[PDB]
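Below is one structure. I have some questions about it.
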Amino acid sequence: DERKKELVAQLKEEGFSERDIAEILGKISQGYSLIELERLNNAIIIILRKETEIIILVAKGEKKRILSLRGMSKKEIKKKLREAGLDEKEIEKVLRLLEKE
């Protein structure tokens, strides 16, 4: 679990709180290894992957939402990321990150 330790260390460098790390690491322990993490304005995009199932945790202030991408198209993802509270450009950036993988 040394790689998991590295992920936590990175979260500390990013500036996540104990509870924030616990949430992310919690998902990692559930199999959803942290793949990508980037803050878009006031909403933090946290991308985790378990096998072929990818989830996105969006942390926008006090609003946190998790979107599963399993069986979701880019158009459907856009709609759900809009519900999360992302705009056109922010959603695009997220989709680009997913395309990068």
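Read-outs throughout are calculated quantities, based only on the coordinates presented, and are distinct from any laboratory measurement. Positions of Cβ are generated from backbone atoms using ideal geometry, with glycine treated the same way; all protein chains shown enter the neighbour counts.
For the range 33-57: of the residues being farther than 19 Å from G15 by Cα and among the basic types (K, R), which is surrounded by the fewest Cβ atoms within 10 Å (Cβ to Cβ)?
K50
Taking interchain pairs and intrachain pairs at least six residues apart, which have beta carbon atoms under 6 angstrom, with the first residue in the range 47-69 and without any contact (Cβ under 8 Å) to a residue 12 or more places away in the chain and the second surrounded by 15 or more Cβ atoms within 10 Å (Cβ to Cβ) and not basic (K, R)?
Taking only residues 6 or more apart or on different chains, the pairs are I66/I55; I66/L57.
Additional query: Which of the helices (runs of 4 or more DSSP H) found entirely inside the range 1-100 contain at least 1 residues meeting this: on the phi > 0 side of the Ramachandran plot?
Fully inside the range 1-100 and qualifying: nothing.
State whether one or more residues within the range 86-100 are within 19 Å of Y32 (Cα to Cα), free of Cβ contacts under 8 Å to residues at least 12 places away in the same chain and among the acidic types (D, E).
yes
Can you tell which of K4, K74 is in contact (Cβ under 8 Å) with a residue 12 or more places away in the chain, surrounded by fewer than 16 Cβ atoms within 10 Å (Cβ to Cβ), touching a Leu at 6+ places or on another chain (Cβ under 9 Å) and over 22 Å from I91 (Cα atoms)?
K4
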